[PDB]
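Colleague: Heads up: the protein sequence lines correspond to chains A and B, in order.
At position 138 of the first sequence the residue is numbered 140 (the entry's author numbering), and the sequence of numbers has no breaks.
At position 257 of the second sequence the residue is numbered 260 (the entry's author numbering), and the sequence of numbers has no breaks.
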Amino acid sequence: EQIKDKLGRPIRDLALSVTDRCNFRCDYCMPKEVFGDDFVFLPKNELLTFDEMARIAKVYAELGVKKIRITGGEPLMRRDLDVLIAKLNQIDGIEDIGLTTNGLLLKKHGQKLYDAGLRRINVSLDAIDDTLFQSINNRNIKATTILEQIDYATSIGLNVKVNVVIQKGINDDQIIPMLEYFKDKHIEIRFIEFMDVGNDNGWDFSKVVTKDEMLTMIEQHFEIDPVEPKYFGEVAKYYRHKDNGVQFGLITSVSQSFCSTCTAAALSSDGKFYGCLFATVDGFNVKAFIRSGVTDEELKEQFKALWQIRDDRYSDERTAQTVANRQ
Amino acid sequence: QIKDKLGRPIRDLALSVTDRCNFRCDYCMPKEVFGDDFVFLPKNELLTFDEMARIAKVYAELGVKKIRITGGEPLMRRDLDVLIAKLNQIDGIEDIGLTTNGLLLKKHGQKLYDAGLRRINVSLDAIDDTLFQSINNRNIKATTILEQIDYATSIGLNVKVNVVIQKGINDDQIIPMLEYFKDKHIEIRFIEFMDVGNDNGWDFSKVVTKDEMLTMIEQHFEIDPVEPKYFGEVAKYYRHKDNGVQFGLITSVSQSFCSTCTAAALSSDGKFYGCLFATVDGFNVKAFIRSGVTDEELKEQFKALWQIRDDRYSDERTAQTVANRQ
Ligand SMILES: C[S@@+](CC[C@H](N)C(=O)[O-])C[C@H]1O[C@@H](n2cnc3c(N)ncnc32)[C@H](O)[C@@H]1O
Ligand SMILES: C[S@@+](CC[C@H](N)C(=O)[O-])C[C@H]1O[C@@H](n2cnc3c(N)ncnc32)[C@H](O)[C@@H]1O
Ligand code: SF4
Ligand code: SF4
Ligand code: SF4
Ligand code: SF4
Numbered sequence: 003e004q005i006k007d008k009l010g011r012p013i014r015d016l017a018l019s020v021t022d023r024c025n026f027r028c029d030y031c032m033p034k035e036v037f038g039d040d041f042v043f044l045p046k047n048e049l050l051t052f053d054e055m056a057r058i059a060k061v062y063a064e065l066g067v068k069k070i071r072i073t074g075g076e077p078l079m080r081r082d083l084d085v086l087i088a089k090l091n092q093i094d095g096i097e098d099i100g101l102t103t104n105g106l107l108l109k110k111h112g113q114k115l116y117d118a119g120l121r122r123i124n125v126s127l128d129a130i131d132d133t134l135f136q137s138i139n140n141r142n143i144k145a146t147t148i149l150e151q152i153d154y155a156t157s158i159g160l161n162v163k164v165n166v167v168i169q170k171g172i173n174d175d176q177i178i179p180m181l182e183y184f185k186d187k188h189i190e191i192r193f194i195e196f197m198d199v200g201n202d203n204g205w206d207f208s209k210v211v212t213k214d215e216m217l218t219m220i221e222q223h224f225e226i227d228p229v230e231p232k233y234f235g236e237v238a239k240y241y242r243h244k245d246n247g248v249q250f251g252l253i254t255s256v257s258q259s260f261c262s263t264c265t266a267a268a269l270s271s272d273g274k275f276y277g278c279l280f281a282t283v284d285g286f287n288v289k290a291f292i293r294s295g296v297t298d299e300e301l302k303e304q305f306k307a308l309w310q311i312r313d314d315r316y317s318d319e320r321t322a323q324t325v326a327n328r329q
Numbered sequence: 004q005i006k007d008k009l010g011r012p013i014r015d016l017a018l019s020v021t022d023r024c025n026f027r028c029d030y031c032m033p034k035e036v037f038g039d040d041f042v043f044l045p046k047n048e049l050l051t052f053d054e055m056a057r058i059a060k061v062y063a064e065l066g067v068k069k070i071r072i073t074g075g076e077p078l079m080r081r082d083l084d085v086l087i088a089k090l091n092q093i094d095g096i097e098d099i100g101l102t103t104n105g106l107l108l109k110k111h112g113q114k115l116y117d118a119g120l121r122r123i124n125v126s127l128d129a130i131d132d133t134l135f136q137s138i139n140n141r142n143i144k145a146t147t148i149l150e151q152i153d154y155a156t157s158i159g160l161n162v163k164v165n166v167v168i169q170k171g172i173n174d175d176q177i178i179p180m181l182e183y184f185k186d187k188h189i190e191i192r193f194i195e196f197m198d199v200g201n202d203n204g205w206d207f208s209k210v211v212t213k214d215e216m217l218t219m220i221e222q223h224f225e226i227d228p229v230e231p232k233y234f235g236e237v238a239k240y241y242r243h244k245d246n247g248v249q250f251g252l253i254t255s256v257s258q259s260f261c262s263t264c265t266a267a268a269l270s271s272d273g274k275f276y277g278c279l280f281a282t283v284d285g286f287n288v289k290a291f292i293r294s295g296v297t298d299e300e301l302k303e304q305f306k307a308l309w310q311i312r313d314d315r316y317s318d319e320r321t322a323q324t325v326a327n328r329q
């Protein structure tokens with residue numbers, strides 16, 4: 003009922019990747035040089051079905067998983083995603099379902115998702131200037147379009163948070179504008195340090211604005227209070243406007259790595275297991291295991307075995323290496 | 004370059020020079036356990052200064068650039084100035100620091116400075132004379148230790164102060180001590196109290212977290228957060244807005260930092276540890292050296308011992324705490 007990995011960390015979260023497809027080509031994620039005209043995405047039968055995903059989440063819930071995060075790819079591109087939300091809402095032990103999306107398809111699908119039981123979405127939005135944002139997504143999508151999707155989301159009763167990755171020289175001028183826009187909306191925004199591994203190979207700091215450099219900027223424009231963490235090991239450092247009381251947060255992905263409290267497993271779009279959101283090698287093939295014909299007991303024991311041998315700490319590895327590189 | 008199992012390099016050596024102390028701090032060397040009848044290490048069971056300088060030179064060749072002198076209370080040793088002069092002549096070694104309760108600073112400060120010591124770290128858990136005396140058990144006033152700090156300062160030593168904050172005991176010293184050392188232009192660091200519970204996770208009942216210290220501080224003082232001087236700096240730094248004096252908060256328990264830990268330790272009885280906390284008796288360096296070994300065999304031993312290190316005690320308790328919040 004509670005499993006711990008090699009670093010003593012219990013399993014609590016499952017990131018479910020539901021597609022490899024996307025409607026953006028963000029330079030730092032799906033650059034069109036790699037994901038271009040001749041890129042071949044997964045054949046449709048090589049994806050996990052919703053029944054397989056729900057079976058997997060069920061057994062994982064038996065081992066202490068309480069939270070499921072739907073991701074991709076752009077998850078709203080997966081047809082009949084509401085069917086998945088509905089099945090996951092039927093599983094005992096699962097307390098929270100979250101969706102990470104660029105938000106473009108929220109007007110199209112949000113109502114379906116809400117009907118099926120979705121209440122929480124995290125919208126990734128890297129700028130609020132239309133020209134800047136278009137140069138980032140490379141699919142001519144205006145920031146203005148996304149803001150309208152966000153307002154529609156809240157209108158139907160979805161709880162919306164916004165996530166922003168700051169790259170020095172690119173969108174670091176977006177911090178103050180985005181803070182003010184969403185402060186007025188009473189929407190929580192999070193800024194995230196850009197993760198980039200150099201040649202050496204700790205962190206590449208050339209495009210990083212750190213949590214602390216970010217916080218020096220903010221303090222010159224706004225009057226703010228540190229918020230004490232809601233719970234032990236809360237990753238995001240929160241602050242609130244004195245106005246007002248609207249909260250925003252800063253994520254120290256690079257300056258202050260947090261693998262020590264990492265309780266997350268991931269399943270890729272092709273149904274392979276990962277104990278870390280980063281991963282250069284193929285994981286155990288959960289998909290082929292399930293499809294070969296197994297009982298729920300055999301599934302559970304393999305899942306348990308996979309967590310117990312887990313020792314992933316990619317970001318902490320990069321941190322130790324950065325320290326060593328400062329020889 | 005020499006890295007451990009978690010990819011961490013050696014950069015530091017915590018060097019314990021004595022098992023003796025002139026204080027009896029409740030949470031450290033309680034008077035019960037360490038009473039009159041307690042036999043500390045015989046002089047010849049300690050490492051010689053020559054053994055220590057030899058060990059430090061081998062370590063410098065493997066990456067170490069800082070030595071931190073502790074105990075015990077290091078000023079109970081010996082002709083400490085002689086050790087310091089010898090460590091100061093090792094080229095690989097760029098900084099020597101000393102952790103002290105500060106009591107013997109009028110007695111030994113000058114000769115240590117003359118020997119090459121430039122930085123000291125004075126532990127002082129209370130500024131109030133009564134509360135201090137009941138923490139330390141030896142009737143030493145905070146006023147005494149304060150006066151020692153002003154002496155060390157006047158002879159040229161750079162002084163920082165460390166305060167371990169226990170909720171039911173220390174709590175109310177945060178503001179008086181900040182105010183005092185602010186006028187003095189001395190950096191003070193407040194440290195989260197480290198206690199492990201019956202569940203093997205952190206025990207938060209005596210802990211005042213960095214975050215609740217900061218709430219406290221922002222009511223009485225006007226503060227600027229200070230950007231970390233270098234990557235993986237442990238202490239969180241803040242700056243008084245009027246005179247610019249910095250102070251620090253150390254997240255021992257609320258944000259443990261084993262990932263950037265580059266320290267080896269050597270005990271007063273001459274054992275190696277890869278963690279300032281260790282249940283397992285370390286590699287006996289003393290018996291190894293006294294058996295008759297060359298510098299290369301000593302070097303190959305230290306290198307092997309480091310490469311095999313996977314210590315992460317605080318992170319282990321952090322991960323169990325998360326597992327307990329279950
Ligand atoms: C891979 S997308 C999947 C969900 C959806 N397509 C979206 O963009 O929100 C998930 C997140 O990964 C983040 N990401 C990818 N590369 C990153 C990097 N190098 N540094 C910080 N975040 C990164 C994106 O910014 C995005 O918020
Ligand atoms: C062992 S003493 C040695 C140097 C010198 N005798 C002194 O007290 O500064 C070093 C430090 O250990 C610290 N210490 C002992 N137990 C601790 C605990 N449970 N949590 C935080 N610090 C602790 C003391 O506060 C002291 O600053
Ligand atoms: S939208 Fe999300 S998944 Fe798509 S490229 Fe951008 S970040 Fe990546
Ligand atoms: S990098 Fe660390 S925190 Fe991030 S997913 Fe991997 S293990 Fe977890
Ligand atoms: S002074 Fe240092 S060594 Fe001595 S008992 Fe107190 S803390 Fe421990
Ligand atoms: S607990 Fe962590 S940081 Fe503290 S000394 Fe040990 S390994 Fe290093």
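Where a beta carbon is used, it is the ideal one built from N, C-alpha and C, also for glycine.
1. Could you spell out the range, first to last residue, of the beta strand (DSSP E) harbouring B/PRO228?
2. Pull out every residue of the segment 4–27 of chain A whose Cβ sits closer than 7 Å to any Cβ of chain B, in chain order.
3. In terms of residues, what are the limits of the beta strand (DSSP E) holding A/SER208?
4. Any beta carbon of chain B sitting closer than 8 Å to that of A/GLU230?
5. Taking any Cβ of chain A, which residues in the segment 234–253 of chain B have a Cβ under 7 Å from it, in chain order?
6. Measuring only the C-alpha atoms, how far is B/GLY74 from B/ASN246?
7. Only counting runs of 4 or more residues, tell me where the alpha helix (DSSP H) segments fall wholly within the segment 261–307 of chain A, in order along the chain.
8. With a cut-off of 6 Å, give the chain-ordered residues whose Cβ is closer than this to any heavy atom of ligand 4.
9. By the criterion of Cβ-Cβ separation under 8 Å, what are the contact partners of A/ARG192 in chain B?
10. Straight-line CA distance for B/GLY119 to A/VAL125?
11. Identify the residues that DSSP records as bridge partners of B/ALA17: which are they?
12. At which residues does the beta strand (DSSP E) containing B/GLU97 begin and terminate?
13. Counting only Cβ pairs nearer than 7 Å, list the residues of chain A close to B/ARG71.
14. If we count the other Cβ atoms within 10 Å of its Cβ and call it buried at 16 or more, is A/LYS239 buried or exposed?
15. DSSP three-state call for B/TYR240: helix, strand or coil?
16. Nearest-angstrom Cα distance between A/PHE234 and A/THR51?
17. For A/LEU217 and chain B, any beta-carbon pair shorter than 8 Å?
18. Check this for me: beta carbons of B/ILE189 and B/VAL162, under 8 Å apart or not?
19. With three or more C-beta pairs closer than 8 Å as the rule, is the segment 88–99 of chain B touching the segment 60–71 of chain B?
20. Relative to the C-alpha of B/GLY171, which candidate in B/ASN201, B/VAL210 and B/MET197 has its C-alpha closest?
21. Give me the chain B residues within the contact set of A/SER262, using Cβ-Cβ distance strictly less than 8 Å, ordered along the chain.
22. Confirm, please, whether the CB-CB distance from A/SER270 to A/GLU195 is below 8 Å.
23. Nearest-angstrom Cα distance between B/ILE158 and B/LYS109?
24. Leaving aside the five residues before and after A/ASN140 along the sequence, list all residues of the same chain whose C-beta is less than 6 Å from its C-beta, in chain order.
25. Identify whether B/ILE178 lies in helix, strand or coil by the three-state DSSP scheme.
26. Within 10 angstroms of the Cβ of A/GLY295, are there 16 or more other Cβ atoms? Answer buried if so, exposed if not.
27. Apart from the five residues on each side of it in sequence, which residues of its chain come closer than 8 Å, Cβ to Cβ, to B/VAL199?
28. Between B/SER262 and A/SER259, how many whole angstroms is the CB-CB distance? I'm expecting something under 8 Å.
29. Which residue from A/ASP314, A/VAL166 and A/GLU54 puts its Cα closest to that of A/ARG293?
30. Considering only residues of the same chain and omitting the five flanking positions on each side of B/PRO228, which have a CB-CB separation below 7 Å?
31. Measure how close the beta-carbons of A/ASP15 and A/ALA266 come, nearest whole angstrom, since I'm counting them as under 8 Å.
32. Flag B/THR265 as yes if its beta-carbon sits less than 8 Å from any beta-carbon of chain A, otherwise no.
33. Kindly list the residues whose CB is nearer than 6 Å to the CB of A/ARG80, restricted to its own chain and excluding five residues on each side of it in sequence; keep chain order.
34. For a test of the three-state rule: what should DSSP assign to A/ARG192, helix, strand or coil?
35. Check B/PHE43 in the structure and name its three-state DSSP category.
36. May I ask you to check if the CB of A/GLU35 is nearer than 7 Å to at least one heavy atom of ligand 3?
Modeller: According to the data block:
1. Note, B/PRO228: beta strand (DSSP E), 226–229.
2. Of all residues in the segment 4–27 of chain A, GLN4, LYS6, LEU9, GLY10, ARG11 and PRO12 have a Cβ within less than 7 Å of some Cβ in chain B.
3. Going by DSSP, A/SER208 is part of no beta strand (DSSP E) at all; its letter is neither H nor E.
4. With a threshold of 8 Å between beta carbons, A/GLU230 makes contact with chain B.
5. Within the segment 234–253 of chain B, the residues whose Cβ lies closer than 7 Å to some Cβ of chain A are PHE234 and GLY235, listed in chain order.
6. The alpha-carbon atoms of B/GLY74 and B/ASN246 are separated by roughly 35 Å.
7. Correct list: 288–293.
8. Residues flagged by the Cβ proximity filter: A/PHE260, A/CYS261, A/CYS264, A/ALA266, A/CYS278, A/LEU279, A/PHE280, A/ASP314, A/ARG315, A/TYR316 and A/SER317.
9. Chain order gives no chain B residues near A/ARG192, where near means a beta carbon separation below 8 Å; the closest approach is about 18 Å.
10. One C-alpha to the other measures close to 57 Å.
11. Answer by DSSP bridge pairing, in chain order: B/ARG71 and B/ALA268.
12. Counting along the chain, B/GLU97 falls outside any beta strand (DSSP E), and DSSP gives it neither H nor E.
13. Those within 7 Å of B/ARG71 in chain A number zero; the least Cβ separation is about 17 Å.
14. Sixteen is the threshold: when 16 or more other Cβ atoms of the shown chains lie within 10 Å of the Cβ of A/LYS239, as they do, the residue is buried.
15. When secondary structure is reduced to three states using DSSP, B/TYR240 falls in the strand class.
16. Approximately 36 Å between the Cα atoms of the pair.
17. Interface flag for A/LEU217 against chain B is set, since a Cβ pair is found closer than 8 Å.
18. Going by C-beta atoms, B/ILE189 is nearer than 8 Å to B/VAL162.
19. Touching, yes.
20. Among B/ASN201, B/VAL210 and B/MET197, the Cα nearest to that of B/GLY171 is on B/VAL210.
21. Result: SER259, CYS261, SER262, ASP318, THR321 and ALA322.
22. Taking 8 Å as the cut-off, the beta carbon of A/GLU195 is found no closer than this to the beta carbon of A/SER270.
23. Distance between B/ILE158 and B/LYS109, taken at the CA atoms: about 10 Å.
24. Result list for A/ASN140: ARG27 and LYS34, in chain order.
25. If DSSP states are grouped into helix, strand and coil, B/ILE178 belongs with the helices.
26. Counting every other CB atom within 10 Å of its CB across the protein chains shown gives A/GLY295 a total below 16, marking it as exposed.
27. The beta carbon of B/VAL199 sits closer than 8 Å to those of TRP205, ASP206 and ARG320, all from its chain and outside the five residues before and after it, given in chain order.
28. 6 Å between Cβ atoms; contact.
29. That would be A/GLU54, whose Cα lies nearest to the Cα of A/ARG293.
30. Beyond the five residues adjoining it in sequence on each side, B/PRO228 comes within less than 7 Å, by CB distance, of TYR241 in the same chain, given in chain order.
31. That pair is a contact at about 4 Å.
32. For B/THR265, the answer is yes, since a Cβ of chain A falls inside 8 Å of its Cβ.
33. Spatial neighbours of A/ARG80 in its own chain (CB-CB distance under 6 Å, excluding positions within 5 residues in sequence) are listed in chain order as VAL20 and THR21.
34. The answer is strand: DSSP assigns A/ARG192 an E or B state.
35. In the structure shown, B/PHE43 sits in coil (DSSP, three-state: anything other than H, G, I, E or B).
36. Checking the Cβ of A/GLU35 against ligand 3 gives no.
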